[PDB]
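*Asks:*
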Amino acid sequence: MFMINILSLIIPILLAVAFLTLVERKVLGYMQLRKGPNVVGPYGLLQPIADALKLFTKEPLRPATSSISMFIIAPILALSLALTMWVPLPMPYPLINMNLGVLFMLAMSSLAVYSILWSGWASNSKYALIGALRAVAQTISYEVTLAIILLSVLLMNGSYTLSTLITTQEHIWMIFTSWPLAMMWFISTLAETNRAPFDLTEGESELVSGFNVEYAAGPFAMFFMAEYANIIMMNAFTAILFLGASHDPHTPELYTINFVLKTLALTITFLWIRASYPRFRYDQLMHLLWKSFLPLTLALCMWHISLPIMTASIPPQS
Amino acid sequence: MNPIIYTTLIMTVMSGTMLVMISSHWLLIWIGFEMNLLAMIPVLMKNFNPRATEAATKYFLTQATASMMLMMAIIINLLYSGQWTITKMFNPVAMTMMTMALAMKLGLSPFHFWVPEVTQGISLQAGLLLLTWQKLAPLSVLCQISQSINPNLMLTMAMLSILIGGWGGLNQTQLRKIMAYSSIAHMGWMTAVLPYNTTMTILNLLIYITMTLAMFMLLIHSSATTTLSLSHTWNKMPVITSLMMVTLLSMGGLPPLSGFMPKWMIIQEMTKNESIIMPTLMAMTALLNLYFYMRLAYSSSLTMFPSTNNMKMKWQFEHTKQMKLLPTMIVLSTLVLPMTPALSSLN
Amino acid sequence: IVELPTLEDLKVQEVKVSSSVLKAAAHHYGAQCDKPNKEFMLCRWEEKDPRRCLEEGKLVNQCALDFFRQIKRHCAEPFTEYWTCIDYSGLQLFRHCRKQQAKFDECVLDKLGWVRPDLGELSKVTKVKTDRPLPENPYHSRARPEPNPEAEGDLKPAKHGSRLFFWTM
Amino acid sequence: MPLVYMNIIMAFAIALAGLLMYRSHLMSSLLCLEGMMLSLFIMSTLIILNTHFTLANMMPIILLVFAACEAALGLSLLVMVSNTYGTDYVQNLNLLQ
Amino acid sequence: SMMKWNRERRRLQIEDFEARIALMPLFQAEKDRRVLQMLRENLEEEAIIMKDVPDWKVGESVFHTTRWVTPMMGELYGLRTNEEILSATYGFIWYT
Amino acid sequence: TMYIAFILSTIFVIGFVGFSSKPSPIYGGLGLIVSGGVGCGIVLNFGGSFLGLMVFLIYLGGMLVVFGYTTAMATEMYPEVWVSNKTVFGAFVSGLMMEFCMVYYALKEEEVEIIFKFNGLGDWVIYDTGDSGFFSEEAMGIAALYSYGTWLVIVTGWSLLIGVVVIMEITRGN
Amino acid sequence: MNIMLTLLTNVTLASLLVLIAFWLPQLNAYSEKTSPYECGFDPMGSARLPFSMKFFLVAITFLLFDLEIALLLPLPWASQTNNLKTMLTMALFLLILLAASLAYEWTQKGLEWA
Amino acid sequence: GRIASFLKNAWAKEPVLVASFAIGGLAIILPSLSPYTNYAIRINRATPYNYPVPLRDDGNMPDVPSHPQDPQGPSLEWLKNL
Amino acid sequence: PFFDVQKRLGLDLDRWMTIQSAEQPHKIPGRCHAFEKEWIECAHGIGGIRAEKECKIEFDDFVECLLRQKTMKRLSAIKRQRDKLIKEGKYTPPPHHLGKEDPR
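Residue numbers (full-length UniProt numbering), protein chains in the order written: chain W, 1 to 318; chain C, 1 to 347; chain Z, 81 to 249; chain F, 1 to 97; chain B, 49 to 144; chain S, 2 to 175; chain P, 1 to 114; chain V, 88 to 169; chain A, 2 to 105.
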């Protein structure tokens, strides 16, 4: 019956990305004073399914110039990995007890953007190619610092296994120990997921919906959907990794009741970022990283390498 | 590229070979070549030409595939004996490939085709360094795996290197390509005797390096390149053409000269092994190798090709930036013949 | 052609307590059962062949049986109250329960009367007397082939030296 | 030797023959070379996993490094050749094979 | 705080290592007898199956060596049901 | 059994069949993606999980992306699909028949005559007991790299560093 | 097994969404509707060569850092080795070179990104 | 003297980088100073993934305890007090 | 020129990584440590040449330790033999439900 467990992991999350869309227009609406979607609800609630139906019902043309195979395979990979990254996530009990699933989170995250590269390559359009390319730039440029700071915050939990990361937070929370790395992790999740100030992949006014343009109905729904999969997912990831909680094994549910709060509390923040800052432009986007984030990530890294020895505080896990 | 970086590259090449000459573990040898490569390519790219670029493309492409086959054959060796120490290899299908990989690294024929071309693409500095220092490391490992070599496979490339090192030498004008066929020919003589007795190899190696240092220092001293360009030099600084003659003859191995010492020890060693026919063919072809050294001598010192007028002003201006190491590199590469026995110092 | 023990001669009634229950009390089990135990493993690491030490491998089984027989008549309800607490976690972590261990360890330290070893104690290597010979050559192996002579005298000067070709001296 | 190893070795042989059949723009060759690299990696790691020859668990990753490293270099040369042409192997300045 | 908690967890860890380290030896005994058992049994099944072959020393060690080897867990499951083999080798890795 | 590791080896090899054939670098990049995931899976089956995830991360998550940059610099109009030429497609089929002959040899169950003998049967057979304490062999096995193997760390550091220098001294020249 | 099963269910799920995406609207594709978008007016030419040294000049540096972090990964486990003073220098060492490499790029003006 | 002055300058100019060098070097110089480091390595001597194979008796020796827990082997409660 | 400076200076910086045994972290045994140990103890003053004669048997057993080649050809011969008996013989009932689960 493991299969029904998996299905039980995949349906609720898709429902969550739909209602995530709706919340996005809501909050992001009230920042603007204007109310968000409302009339169709009554509280808007029925909207996202009407939305998705509007999409899938609508004709999804196969472009004349595009090669078709890449053009179809890319969205598939997008939702694929967007969902697959969810499996080893301790809530509290992981669906899979990977010995080193964090590293796996990095693996999925790193194959993610490759789909963007195909998405813009097979699309054949000028905007497609240029936007896709700059997209891959910002992405990788952030995955390096990404993985380093994640390393440095992992020296002290003990090991790459995720469940232990609960155990190592049975009191103080990791964040008080190494918040600056939490900042850089936050922003790196704010760019790797391609979000608000780090907005370039969509391009928007800069490049009229970026790479995603030539995709029409359903595949567009897939990239859109998968994008929100990554946003909520890196949010949850940050939540478990920098914000611990009380956990009685006899009542696991209690913990989850807490956890969705602590993660939702993050996701909303991205939206409340979106309502706040103009995008960086491709120079500065990479400037602040290579010039400014990174060296601190290193100095902090040696520092965190060095605390366990000076403090004689080396974490247990073999 | 400022000297402070250039010197770090060249020193890390020296290190990248020294490492091969030190480590016993195989992985450090493949690391030795691998580090050697990365540090070898950029130095070919100084000055930078539309030509030089594709020169480096050739060199990298062949060295990379060679290093690949080598690592594969190491891994196969490990699979069938679980070792990393150099020693004997324990699986002929692997061993022949380690021989092939090294055969590319020396540039022995029929793998040789890259070497005459690459030499064409770079200045005589980077050229000389390529034809001497790069010849150390792969030989440095062949001496260590002389114990189990499959002599047939070695002598075949060892001969064919001499024939190809001959016939492709009669044909060219511009000197650098000729120096390439000279070296590609001497490597046949080094790698020939290797199965039988490594000390003769290392002797021949020393003579070869001394020789090609003599030549390339001379070509540098006159900045000649194409044969005709060399032809003018007899009037300006007659000595150095009058000295290219000799060093060329020492390439040719006319017997009073030092360059005869290699061949004449080699012929000894192989003759103890019987194998009497092979050195006869080899020594006969070495003649063919000599002949284009002679023709090149005719362009230069023995006869005066017509001078161009513009040369006259150049007579007022002495050459500068003297290269200290040169005179000794001439003299050792010539007069040393009644000092063969000292070869036993190499044990 | 390899020698083997008969299918029967090895046979011994198994310990059949579950692993969680086993672990709950094993911390004492090391403290009490011991001499046969270390005799056993020392016997194993000596000659490597299992068959050689298989008998001691029986003796340890029965020793452990006697250990639990000593257990069940006394502490049990506190004991079950303990390992039931522990088996509930799939990490088998000691930290999750602990308090019951107060019950169990006290009921034993009184009613059957002997102390639990401290955390820094079992790990240390133990001296062990034994009567059976340490094996001649555990690897069996073979002869070590005769080494080449390291013969030497002193160096008189070469008879004519550098005798190769025309050189005289 | 178990058949799987034979299969990976054969993947090497194809990863070489592909490099040497060698055609049109050379970027394909840097690919084929990297594929070759990957086959050697996997063939090594399976072995170090086999015999529990634990120290050598360090090698494959180190192997990977330099190998990837040279390939990382290789693209740069391609750039230069791409810089003057828009790459193709079909165009070579040098004479005498 | 991280120092305190981390050290303490190191203590409960090392104590857990004493726990396992106390459990170990009899497991060694069990795996021992079980191995020799399976080896005997499979050897007997060899005596039945290969007996038809005119020329077949039965159970011969491939080695010259007298010494025990601890068999590769391939021959040890030379005839077992496929499910038992799935339990045998991949069973850890495929386990969650 | 499942022979799953072996069939993964087969998909691996055809991954190199479509890859070693040379039909625009981008599709070859796909070829190394497929062969990449298949690779990490295969090495995962012996449980050297950390390494399989190195390659699944460091290689495919690194390389083939930068190749997804070279093609932006190379491309040329009308890149060829595998089907787009007789020699390319001919080559792909040329790989398929050979590897299929190998699988047929696996059906033969006889030791392979090619090059050198392949002992045959299932992969599982070579496995031995993996018994250990609360640590995988791999973990401390690679952890050894720092404390117990400083020399390699030195030469790798030096090498990568001066490799960056080389990239400089090539690109700056223009 | 476990993981392969979830991979299969995910990919089959997505592929199912694709098939219900195409074989459903059931309407009229035709030329010019299917022509590539170019903000109205037709393209001046199919996508070619957006060449830039400023791509690889940094992207290669990405690749050579990613190889480095690949060596950083063993660290958490290496931290528990019996002899840290033998280790610790190296733990710092690579990071220095990482930084050093960057530093060298930092000021040879090789890091113009963009 | 004056060299201190351009720290005010750099701190005015590139603070990020300044903090970076600060902790980045301090993390290297500091560790040798800390006494706990000697304990730190010591802890990892204490924990035994591998089994402690017993040694045969051979005339006293005698610091090796012959178990049960003879007070002859290493003390470890020093660690317990931490 | 196998300079062996690492030996003369005693640095040993390379030597450790060599060989199946030779001290490994947490003293984890090689899978084929024993045949290897014997085979190397056989190998010293004999040096290289005579060593490929006299120590051949040891290296052989070490080979089979590495590849398990011969035991696989045998085991394959048995399993292929069993098919011939598959109709003539029913093999063993317990494999299916014997005391092997009682066995621990």
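No residue lacks a Cβ here, since even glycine has one placed at the ideal position from N, Cα and C.
#1: Listing by chain order, which chain B residues have their CB less than 7 Å from the CB of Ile140(W)?
#2: Given a threshold of 16 other Cβ atoms within 10 Å of its Cβ, counted over all protein chains shown, does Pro262(C) qualify as buried or as exposed?
#3: If the cut-off is 8 Å on Cβ atoms, which residues from the UniProt domain "CHCH" (155-188) of chain Z count as contacting chain V, listed in chain order?
#4: DSSP three-state label for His25(C), please.
#5: From this set, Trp315(C), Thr226(C), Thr303(C), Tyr298(C), which residue's C-alpha is nearest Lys177(C)'s C-alpha?
#6: Given that residue 1(A) touches chain F, what residues does it touch there, using C-beta distances under 8 Å?
#7: Expressed to the nearest angstrom, what Euclidean distance is found between the alpha-carbon atoms of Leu162(W) and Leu151(W)?
#8: So which of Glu55(A), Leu67(A), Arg105(A) has the shortest CA-CA distance to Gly31(A)?
#9: For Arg143(V), which of helix, strand or coil comes out of DSSP?
#10: Quick check on the DSSP output: the alpha helix (DSSP H) that includes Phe62(P) runs from which residue to which?
#11: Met51(B) touches chain W at which residues, Cβ-Cβ below 7 Å?
#12: Pair every Cβ in the segment 213-230 of chain C with every Cβ in the segment 323-336 of chain C, then say whether three or more of these pairs are closer than 8 Å.
#13: How would you label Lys138(Z), buried or exposed, when you count the other beta carbons within 10 angstroms and need 16 or more for buried?
#14: According to DSSP, which residues form a beta bridge with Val118(C)?
#15: Just tell me which of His108(Z), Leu84(Z), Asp89(Z) has its CA closest to the CA of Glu186(Z).
#16: Going by beta carbon distance, what residues of the same chain come within less than 8 Å of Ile207(C), once the five residues before and after it are set aside?
#17: From the beta carbon of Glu123(B), is the nearest beta carbon of chain S less than 9 Å away?
#18: If contacts are defined as beta-carbon pairs under 8 Å, then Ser229(C) and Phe305(C) qualify, I think. What distance do you get, rounded to the angstrom?
#19: Is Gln91(F) buried or exposed, if buried means 16 or more other CB atoms sit within 10 Å of its CB?
#20: Consult DSSP for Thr85(C) and reduce its assignment to one of helix, strand or coil.
#21: Whose CA, out of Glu170(W), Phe2(W), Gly120(W), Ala299(W), lies closest to the CA of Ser246(W)?
#22: Rounded to whole angstroms, what's the CA-CA distance from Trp247(Z) to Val193(C)? Just pull it up for me.
#23: Any beta carbon from chain B within less than 9 Å of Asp146(Z)'s own beta carbon?
#24: Report the rounded CA-to-CA distance for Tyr168(Z) versus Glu111(S), giving the unit in angstroms.
#25: To the nearest angstrom, how far is it from the Cα of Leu9(S) to the Cα of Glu70(F)?
#26: Checking 9 Å against the spacing of the C-beta atoms, do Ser31(P) and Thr65(W) come in under that value?
#27: Since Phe3(A) contacts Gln147(C) with CB under 8 Å, what's their CB separation in whole angstroms?
#28: Determine, using beta carbons only, whether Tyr70(S) and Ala91(P) come nearer to each other than 9 Å.
#29: Does the segment 77-89 of chain W come into contact with the segment 221-239 of chain W, if we say contact requires no fewer than three beta-carbon pairs (one atom in each stretch) closer than 8 Å?
#30: Using a Cβ-Cβ cut-off of less than 7 Å, list which residues of the segment 129-154 of chain S approach chain V; keep chain order.
#31: Taking 6 Å as the limit between beta carbons, can you name the residues of its chain near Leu45(S), skipping five residues before and five after?
#32: Out of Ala140(S), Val126(S), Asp132(S), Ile163(S), point me to the one whose CA is closest to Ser50(S)'s CA.
#33: Give me the Cβ distance between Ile172(W) and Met50(B), rounded to the nearest whole Å; I'm assuming they're in contact under 8 Å.
#34: Are at least three pairs of beta-carbons, each pair with one atom in the segment 66-82 of chain P and one in the segment 58-66 of chain F, less than 8 Å apart?
#35: In the DSSP output, what is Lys33(P) paired with across the bridge?
#36: Three or more C-beta pairs closer than 8 Å, one from the segment 57-64 of chain C and one from the segment 32-45 of chain C: is that the case here?
*Replies:* In this structure, then:
#1: If you number the first sequence from 1, residue 140(W) lands on position 140. Going along chain B, no residue has its Cβ under 7 Å from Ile140(W), so there is no contact; the nearest lies around 31 Å.
#2: Along the second sequence, one-based indexing puts residue 262(C) at 262. The residue is buried, with at least 16 neighbouring Cβ atoms inside 10 Å.
#3: From the UniProt domain "CHCH" (155-188) of chain Z, no residue has a Cβ closer than 8 Å to chain V.
#4: Walking along the second sequence from the start, residue 25(C) turns up at place 25. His25(C) falls in the strand class under three-state DSSP.
#5: To locate residue 177(C), count along the second sequence from 1; it is residue 177. The shortest Cα separation from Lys177(C) among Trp315(C), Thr226(C), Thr303(C), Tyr298(C) belongs to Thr226(C).
#6: Lying outside 2 to 105, the shown extent of chain A, residue 1(A) is not represented and no answer is given.
#7: Reading the first sequence from its first residue, position 162 is the one you call residue 162(W). Reading the first sequence from its first residue, position 151 is the one you call residue 151(W). Distance between the alpha carbons of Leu162(W) and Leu151(W): 13 Å.
#8: Mapped onto the ninth sequence, residue 31(A) falls at position 30. Among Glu55(A), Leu67(A), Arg105(A), the Cα nearest to that of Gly31(A) is on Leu67(A).
#9: Reading the eighth sequence from its first residue, position 56 is the one you call residue 143(V). Strand at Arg143(V).
#10: As a position in the seventh sequence, residue 62(P) is number 62, starting the count at 1. Where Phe62(P) is concerned, the enclosing alpha helix (DSSP H) stretches over 53-72.
#11: Sequence index remark: in the fifth sequence, residue 51(B) carries index 3 (1-based). Simply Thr311, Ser313.
#12: yes
#13: Counting from one through the third sequence, the residue named residue 138(Z) turns up at place 58. Residue environment: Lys138(Z) is assigned as buried (16 or more neighbouring CB atoms within 10 Å of its CB, all protein chains considered).
#14: Position 118 of the second sequence, counting from 1, holds the residue named residue 118(C). For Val118(C), which the question treats as bridged, DSSP gives no partner whatsoever.
#15: Counted from its first residue, the third sequence places residue 186(Z) at position 106. The residue with the shortest Cα to Cα distance from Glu186(Z) is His108(Z).
#16: Counted from its first residue, the second sequence places residue 207(C) at position 207. Excluding sequence neighbours, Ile207(C) sits near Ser258, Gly259, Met261, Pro262, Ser333.
#17: The count along the fifth sequence starts at 1 and reaches residue 123(B) at position 75. Answer yes: the Cβ-Cβ gap between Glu123(B) and chain S drops below 9 Å somewhere.
#18: If you number the second sequence from 1, residue 229(C) lands on position 229. If you number the second sequence from 1, residue 305(C) lands on position 305. Going by Cβ atoms, the distance from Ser229(C) to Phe305(C) rounds to 10 Å, so no, they are not a contact pair.
#19: Start at 1 with the first residue of the fourth sequence, and residue 91(F) comes out as number 91. Its Cβ having fewer than 16 others within 10 Å, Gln91(F) is exposed.
#20: Indexing the second sequence from 1 puts residue 85(C) at position 85. Three-state result, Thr85(C): strand.
#21: Taking the first residue of the first sequence as position 1, residue 246(W) is located at position 246. It is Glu170(W) whose Cα lies nearest to the Cα of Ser246(W).
#22: Residue numbering aside, residue 247(Z) sits at position 167 when the third sequence is read from its first letter. Residue numbering aside, residue 193(C) sits at position 193 when the second sequence is read from its first letter. Approximately 23 Å, taken between the alpha carbons.
#23: Residue 146(Z) sits at position 66 when you count from the first residue of the third sequence. For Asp146(Z), the answer is no, since every Cβ of chain B falls outside 9 Å of its Cβ.
#24: If you number the third sequence from 1, residue 168(Z) lands on position 88. If you number the sixth sequence from 1, residue 111(S) lands on position 110. Rounded to whole angstroms, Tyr168(Z) to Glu111(S) spans 51 Å at the Cα level.
#25: Start at 1 with the first residue of the sixth sequence, and residue 9(S) comes out as number 8. Start at 1 with the first residue of the fourth sequence, and residue 70(F) comes out as number 70. Using only the alpha carbons, I get a separation of about 28 Å.
#26: Indexing the seventh sequence from 1 puts residue 31(P) at position 31. Indexing the first sequence from 1 puts residue 65(W) at position 65. Not closer than 9 Å, so no.
#27: Position 2 of the ninth sequence, counted from the first residue, corresponds to residue 3(A). Position 147 of the second sequence, counted from the first residue, corresponds to residue 147(C). In this structure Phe3(A) is not in contact with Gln147(C), their Cβ atoms being roughly 11 Å apart against a cut-off of 8 Å.
#28: As a working mapping, residue 70(S) is identified with position 69 in the sixth sequence. As a working mapping, residue 91(P) is identified with position 91 in the seventh sequence. The answer is no: Cβ separation not under 9 Å.
#29: yes
#30: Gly134, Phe135, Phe136
#31: Numbered from its first residue, the sixth sequence carries residue 45(S) at position 44. Taking C-beta separations shorter than 6 Å and ignoring five residues to either side along the sequence, the partners of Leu45(S) in its chain run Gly53, following chain order.
#32: Here the question's residue 50(S) lines up with position 49 in the sixth sequence. Comparing Cα positions, the closest option is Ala140(S).
#33: The residue given as residue 172(W) occupies position 172 in the first sequence. The residue given as residue 50(B) occupies position 2 in the fifth sequence. Between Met50(B) and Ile172(W) the Cβ distance is about 6 Å, and since that is below 8 Å, they are a contact.
#34: The segment 66-82 of chain P, when compared against the segment 58-66 of chain F, does touch it at the 8 Å Cβ threshold.
#35: As a first step, residue 33(P) must be located in the seventh sequence, where it is residue number 33. In the DSSP output, where bridge partners are listed per residue, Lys33(P) has none listed.
#36: yes
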